[PDB]
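J.: Contents are mmCIF, C-alpha atoms; file name start_9.cif:
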data_start
loop_
_atom_site.group_PDB
_atom_site.id
_atom_site.type_symbol
_atom_site.label_atom_id
_atom_site.label_comp_id
_atom_site.auth_asym_id
_atom_site.auth_seq_id
_atom_site.Cartn_x
_atom_site.Cartn_y
_atom_site.Cartn_z
ATOM 1 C CA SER G 1 122.160 69.602 189.576
ATOM 2 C CA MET G 2 122.080 73.295 190.062
ATOM 3 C CA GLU G 3 119.200 73.552 187.477
ATOM 4 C CA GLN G 4 117.084 71.062 189.569
ATOM 5 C CA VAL G 5 117.659 73.218 192.627
ATOM 6 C CA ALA G 6 116.686 76.442 190.796
ATOM 7 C CA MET G 7 113.502 74.690 189.589
ATOM 8 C CA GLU G 8 112.774 73.567 193.127
ATOM 9 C CA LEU G 9 113.227 77.146 194.422
ATOM 10 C CA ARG G 10 110.682 78.357 191.724
ATOM 11 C CA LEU G 11 108.214 75.635 192.929
ATOM 12 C CA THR G 12 108.779 76.650 196.535
ATOM 13 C CA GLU G 13 108.070 80.233 195.759
ATOM 14 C CA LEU G 14 104.935 79.292 193.716
ATOM 15 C CA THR G 15 103.820 77.280 196.752
ATOM 16 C CA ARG G 16 104.369 80.399 198.918
ATOM 17 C CA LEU G 17 102.250 82.498 196.606
ATOM 18 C CA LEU G 18 99.494 79.818 196.306
ATOM 19 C CA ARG G 19 99.399 79.489 200.085
ATOM 20 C CA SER G 20 98.612 83.209 200.362
ATOM 21 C CA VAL G 21 96.024 82.827 197.478
ATOM 22 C CA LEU G 22 94.436 79.871 199.333
ATOM 23 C CA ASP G 23 94.184 81.887 202.521
ATOM 24 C CA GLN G 24 92.596 84.758 200.758
ATOM 25 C CA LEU G 25 90.008 82.507 198.991
ATOM 26 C CA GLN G 26 89.168 80.651 202.158
ATOM 27 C CA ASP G 27 88.426 83.973 203.880
ATOM 28 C CA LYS G 28 85.656 84.414 201.341
ATOM 29 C CA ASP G 29 83.991 81.326 202.919
ATOM 30 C CA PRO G 30 83.348 82.551 206.400
ATOM 31 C CA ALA G 31 80.653 79.952 206.987
ATOM 32 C CA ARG G 32 83.290 77.171 206.419
ATOM 33 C CA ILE G 33 80.972 75.455 203.957
ATOM 34 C CA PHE G 34 83.964 74.431 201.787
ATOM 35 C CA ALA G 35 86.478 73.757 204.529
ATOM 36 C CA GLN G 36 86.350 69.987 204.612
ATOM 37 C CA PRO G 37 85.290 67.049 202.333
ATOM 38 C CA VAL G 38 81.630 66.344 202.043
ATOM 39 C CA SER G 39 81.113 63.503 204.580
ATOM 40 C CA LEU G 40 80.208 60.170 202.926
ATOM 41 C CA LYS G 41 78.832 59.051 206.263
ATOM 42 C CA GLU G 42 76.350 61.994 206.141
ATOM 43 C CA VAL G 43 75.860 62.106 202.315
ATOM 44 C CA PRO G 44 76.198 58.427 201.394
ATOM 45 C CA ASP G 45 75.151 58.860 197.725
ATOM 46 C CA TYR G 46 77.605 61.758 197.133
ATOM 47 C CA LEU G 47 80.001 59.958 194.760
ATOM 48 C CA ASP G 48 77.050 58.847 192.636
ATOM 49 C CA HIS G 49 76.557 62.602 191.874
ATOM 50 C CA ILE G 50 80.078 64.119 192.121
ATOM 51 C CA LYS G 51 82.982 62.278 190.532
ATOM 52 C CA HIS G 52 85.827 64.467 191.714
ATOM 53 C CA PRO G 53 85.082 65.859 195.216
ATOM 54 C CA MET G 54 87.205 68.793 196.404
ATOM 55 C CA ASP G 55 87.492 71.059 199.456
ATOM 56 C CA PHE G 56 89.913 73.493 200.967
ATOM 57 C CA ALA G 57 91.556 70.983 203.375
ATOM 58 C CA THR G 58 92.300 68.614 200.473
ATOM 59 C CA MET G 59 93.799 71.514 198.494
ATOM 60 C CA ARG G 60 95.969 72.480 201.416
ATOM 61 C CA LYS G 61 97.341 68.914 201.678
ATOM 62 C CA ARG G 62 98.268 69.018 197.994
ATOM 63 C CA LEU G 63 99.738 72.487 198.293
ATOM 64 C CA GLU G 64 101.982 71.518 201.224
ATOM 65 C CA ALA G 65 103.319 68.531 199.366
ATOM 66 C CA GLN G 66 104.185 71.086 196.595
ATOM 67 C CA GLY G 67 101.728 69.276 194.374
ATOM 68 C CA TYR G 68 100.576 72.297 192.320
ATOM 69 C CA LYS G 69 103.042 72.776 189.403
ATOM 70 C CA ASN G 70 101.356 75.926 188.126
ATOM 71 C CA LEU G 71 98.413 78.241 188.903
ATOM 72 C CA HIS G 72 96.143 76.439 186.337
ATOM 73 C CA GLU G 73 96.288 73.215 188.422
ATOM 74 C CA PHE G 74 95.358 75.167 191.598
ATOM 75 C CA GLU G 75 92.496 76.941 189.838
ATOM 76 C CA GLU G 76 91.201 73.621 188.538
ATOM 77 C CA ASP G 77 90.780 72.384 192.155
ATOM 78 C CA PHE G 78 89.148 75.680 193.267
ATOM 79 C CA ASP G 79 86.697 75.525 190.410
ATOM 80 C CA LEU G 80 85.839 71.912 191.453
ATOM 81 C CA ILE G 81 84.817 73.132 194.905
ATOM 82 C CA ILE G 82 82.403 75.652 193.351
ATOM 83 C CA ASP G 83 81.169 73.594 190.450
ATOM 84 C CA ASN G 84 80.534 70.401 192.565
ATOM 85 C CA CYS G 85 78.421 72.460 194.973
ATOM 86 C CA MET G 86 76.406 74.191 192.284
ATOM 87 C CA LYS G 87 75.472 70.820 190.773
ATOM 88 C CA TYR G 88 74.658 68.880 193.995
ATOM 89 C CA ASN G 89 72.739 71.670 195.656
ATOM 90 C CA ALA G 90 69.733 73.597 194.242
ATOM 91 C CA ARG G 91 69.762 77.292 193.548
ATOM 92 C CA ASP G 92 67.589 78.074 196.582
ATOM 93 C CA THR G 93 70.036 76.679 199.122
ATOM 94 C CA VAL G 94 72.585 78.291 201.433
ATOM 95 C CA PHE G 95 75.206 75.930 199.938
ATOM 96 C CA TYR G 96 74.650 77.006 196.308
ATOM 97 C CA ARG G 97 74.512 80.646 197.301
ATOM 98 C CA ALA G 98 77.767 80.327 199.274
ATOM 99 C CA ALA G 99 79.442 78.911 196.160
ATOM 100 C CA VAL G 100 78.248 81.792 193.980
ATOM 101 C CA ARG G 101 79.608 84.328 196.462
ATOM 102 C CA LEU G 102 82.938 82.432 196.708
ATOM 103 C CA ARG G 103 83.256 82.314 192.936
ATOM 104 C CA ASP G 104 82.519 86.052 192.590
ATOM 105 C CA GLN G 105 84.818 87.146 195.374
ATOM 106 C CA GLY G 106 87.578 84.685 194.476
ATOM 107 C CA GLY G 107 87.707 85.996 190.886
ATOM 108 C CA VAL G 108 89.319 89.230 192.038
ATOM 109 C CA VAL G 109 92.029 87.359 194.001
ATOM 110 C CA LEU G 110 92.734 84.969 191.156
ATOM 111 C CA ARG G 111 92.980 87.744 188.567
ATOM 112 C CA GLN G 112 95.866 89.387 190.451
ATOM 113 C CA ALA G 113 97.479 86.027 191.266
ATOM 114 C CA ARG G 114 97.772 85.306 187.575
ATOM 115 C CA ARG G 115 99.451 88.664 186.963
ATOM 116 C CA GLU G 116 101.940 87.917 189.871
ATOM 117 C CA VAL G 117 102.706 84.432 188.642
ATOM 118 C CA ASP G 118 103.453 85.790 185.105
ATOM 119 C CA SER G 119 105.229 88.904 186.473
ATOM 120 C CA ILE G 120 107.618 87.054 188.910
ATOM 121 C CA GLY G 121 107.767 84.146 186.363
#
Write out the structure in this file as structure tokens.

T.:
Amino acid sequence: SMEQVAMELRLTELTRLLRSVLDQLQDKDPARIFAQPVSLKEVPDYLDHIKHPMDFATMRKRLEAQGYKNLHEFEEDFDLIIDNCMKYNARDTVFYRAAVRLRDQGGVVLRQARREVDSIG
């Protein structure tokens, strides 16, 4: 149908916008701490601690399959990155501190993204 196409164009354009959002958030992680999944070879107990691992490469795979239906779903995954790190790692660590800085800096990006998603519809 023509409606299904129109819907698919909306999703494509959301995906375009979320790709730019993802790039902007990942720039706030210049150390690449959140770039890839925590290695279960190197942290073998990880899934005992963290039930829903997340990282920027995993988000990008979902994004490129157009697997984010709305900004809320995308934000859920970004918050997992931060929140997982802040639980597994102690406050005095470079990992925790990187997550705080990513959260703080990402907030600004996500605030305007929400306005754009509502604005463009």

J.: Interatomic distance between atom CA of residue 17 of chain G and atom CA of residue 70 of chain G?

T.: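 Interatomic distance here is 10.8 Å.
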
J.: To one decimal in Å, tell me the separation between atom CA of residue 53 of chain G and atom CA of residue 84 of chain G.

T.: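 Going from atom CA of residue 53 of chain G over to atom CA of residue 84 of chain G covers 7.0 Å.
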
J.: Could you please determine the separation between atom CA of residue 22 of chain G and atom CA of residue 56 of chain G in Å, to one decimal place?

T.: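 Computed distance, atom CA of residue 22 of chain G to atom CA of residue 56 of chain G, equals 8.0 Å.
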
J.: Using the chain letters and numbers from this file, what does the PyMOL selection byres ((chain G and resi 33-41) around 8) select? Give the answer as a short mmCIF file (atom, residue, chain, number, x, y, z; two decimals) with C-alpha atoms, in the coordinates of the input.

T.:
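Wrote it out as part-v1.cif, contents follow:
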data_model
loop_
_atom_site.label_atom_id
_atom_site.label_comp_id
_atom_site.auth_asym_id
_atom_site.auth_seq_id
_atom_site.Cartn_x
_atom_site.Cartn_y
_atom_site.Cartn_z
CA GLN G 26 89.17 80.65 202.16
CA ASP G 29 83.99 81.33 202.92
CA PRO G 30 83.35 82.55 206.40
CA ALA G 31 80.65 79.95 206.99
CA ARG G 32 83.29 77.17 206.42
CA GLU G 42 76.35 61.99 206.14
CA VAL G 43 75.86 62.11 202.32
CA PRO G 44 76.20 58.43 201.39
CA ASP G 45 75.15 58.86 197.72
CA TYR G 46 77.60 61.76 197.13
CA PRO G 53 85.08 65.86 195.22
CA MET G 54 87.20 68.79 196.40
CA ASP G 55 87.49 71.06 199.46
CA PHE G 56 89.91 73.49 200.97
CA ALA G 57 91.56 70.98 203.38
CA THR G 58 92.30 68.61 200.47
CA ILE G 81 84.82 73.13 194.90
CA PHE G 95 75.21 75.93 199.94
CA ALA G 98 77.77 80.33 199.27
#

J.: Could you tell me which residues the PyMOL selection byres ((chain G and resi 110) around 12) grabs in this file, written as a VMD selection string?

T.: chain G and resid 17 to 18 20 to 25 71 to 72 74 to 76 78 to 79 102 to 109 111 to 117

J.: Measuring atom to atom with all atoms listed in the file, identify which of G:19, G:69, G:61, G:87 is nearest to residue 49 of chain G.

T.: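 Of G:19, G:69, G:61, G:87, the one nearest residue 49 of chain G, counting all atoms listed in the file, is G:87.
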
J.: May I have the centre and edge lengths, in Å to one decimal, of an axis-aligned box around the listed atoms of segment 35-44 of chain G with 3 Å added to every side, as JSON?

T.:
{"center_x": 81.2, "center_y": 66.1, "center_z": 203.8, "size_x": 16.6, "size_y": 21.3, "size_z": 10.9}

J.: Which residue, G:15, G:93, G:119, G:4, has the smallest gap to residue 66 of chain G when you use all atoms listed in the file?

T.: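 Checking each of G:15, G:93, G:119, G:4 against residue 66 of chain G, counting all atoms listed in the file, the winner is G:15.
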
J.: Could you please fill out segment 44-76 of chain G with N, CA and C atoms and send it back as a compact mmCIF listing (two decimals), in the coordinates of the input?

T.:
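The result, stored in rebuild_27.txt:
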# COMPACT_ATOMS: atom_id res chain seq x y z
N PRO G 44 75.69 59.69 201.92
CA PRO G 44 76.20 58.43 201.39
C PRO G 44 76.16 58.23 199.87
N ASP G 45 75.27 58.93 199.19
CA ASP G 45 75.15 58.86 197.72
C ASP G 45 76.09 59.85 197.03
N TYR G 46 76.96 60.57 197.75
CA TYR G 46 77.60 61.76 197.13
C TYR G 46 78.39 61.40 195.85
N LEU G 47 79.13 60.31 195.88
CA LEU G 47 80.00 59.96 194.76
C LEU G 47 79.21 59.43 193.56
N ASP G 48 77.91 59.14 193.75
CA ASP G 48 77.05 58.85 192.64
C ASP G 48 76.81 60.14 191.81
N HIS G 49 76.86 61.31 192.48
CA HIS G 49 76.56 62.60 191.87
C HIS G 49 77.87 63.28 191.45
N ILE G 50 78.86 63.33 192.29
CA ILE G 50 80.08 64.12 192.12
C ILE G 50 81.27 63.14 191.99
N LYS G 51 81.88 63.20 190.81
CA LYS G 51 82.98 62.28 190.53
C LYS G 51 84.34 62.67 191.04
N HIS G 52 84.58 64.00 191.25
CA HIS G 52 85.83 64.47 191.71
C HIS G 52 85.55 65.51 192.88
N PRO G 53 85.29 64.97 194.05
CA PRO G 53 85.08 65.86 195.22
C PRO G 53 86.31 66.74 195.49
N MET G 54 86.09 67.95 196.06
CA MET G 54 87.20 68.79 196.40
C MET G 54 86.76 69.70 197.55
N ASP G 55 87.74 70.20 198.27
CA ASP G 55 87.49 71.06 199.46
C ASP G 55 88.80 71.77 199.83
N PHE G 56 88.73 72.78 200.68
CA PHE G 56 89.91 73.49 200.97
C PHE G 56 90.96 72.70 201.77
N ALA G 57 90.55 71.78 202.65
CA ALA G 57 91.56 70.98 203.38
C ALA G 57 92.36 70.07 202.44
N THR G 58 91.66 69.53 201.44
CA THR G 58 92.30 68.61 200.47
C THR G 58 93.27 69.44 199.65
N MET G 59 92.87 70.65 199.26
CA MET G 59 93.80 71.51 198.49
C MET G 59 95.04 71.85 199.29
N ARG G 60 94.86 72.11 200.57
CA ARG G 60 95.97 72.48 201.42
C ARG G 60 96.97 71.32 201.54
N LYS G 61 96.47 70.10 201.63
CA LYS G 61 97.34 68.91 201.68
C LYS G 61 98.18 68.84 200.39
N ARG G 62 97.53 69.03 199.24
CA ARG G 62 98.27 69.02 197.99
C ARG G 62 99.28 70.17 197.94
N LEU G 63 98.88 71.33 198.36
CA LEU G 63 99.74 72.49 198.29
C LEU G 63 101.01 72.22 199.10
N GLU G 64 100.84 71.71 200.31
CA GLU G 64 101.98 71.52 201.22
C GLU G 64 102.93 70.40 200.85
N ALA G 65 102.48 69.48 200.01
CA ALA G 65 103.32 68.53 199.37
C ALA G 65 103.95 69.15 198.10
N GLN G 66 103.86 70.49 197.93
CA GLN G 66 104.18 71.09 196.60
C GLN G 66 103.63 70.38 195.36
N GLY G 67 102.33 69.98 195.42
CA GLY G 67 101.73 69.28 194.37
C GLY G 67 101.02 70.11 193.30
N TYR G 68 101.09 71.45 193.40
CA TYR G 68 100.58 72.30 192.32
C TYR G 68 101.80 72.81 191.50
N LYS G 69 101.89 72.35 190.28
CA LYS G 69 103.04 72.78 189.40
C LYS G 69 102.90 74.17 188.82
N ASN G 70 101.66 74.63 188.70
CA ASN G 70 101.36 75.93 188.13
C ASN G 70 100.01 76.40 188.69
N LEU G 71 99.69 77.66 188.45
CA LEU G 71 98.41 78.24 188.90
C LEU G 71 97.19 77.57 188.26
N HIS G 72 97.25 77.15 187.01
CA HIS G 72 96.14 76.44 186.34
C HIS G 72 95.69 75.20 187.14
N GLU G 73 96.64 74.40 187.60
CA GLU G 73 96.29 73.22 188.42
C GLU G 73 95.52 73.59 189.72
N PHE G 74 95.96 74.64 190.39
CA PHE G 74 95.36 75.17 191.60
C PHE G 74 93.96 75.68 191.27
N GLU G 75 93.84 76.48 190.25
CA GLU G 75 92.50 76.94 189.84
C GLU G 75 91.54 75.83 189.46
N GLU G 76 92.04 74.76 188.86
CA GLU G 76 91.20 73.62 188.54
C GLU G 76 90.51 73.09 189.81
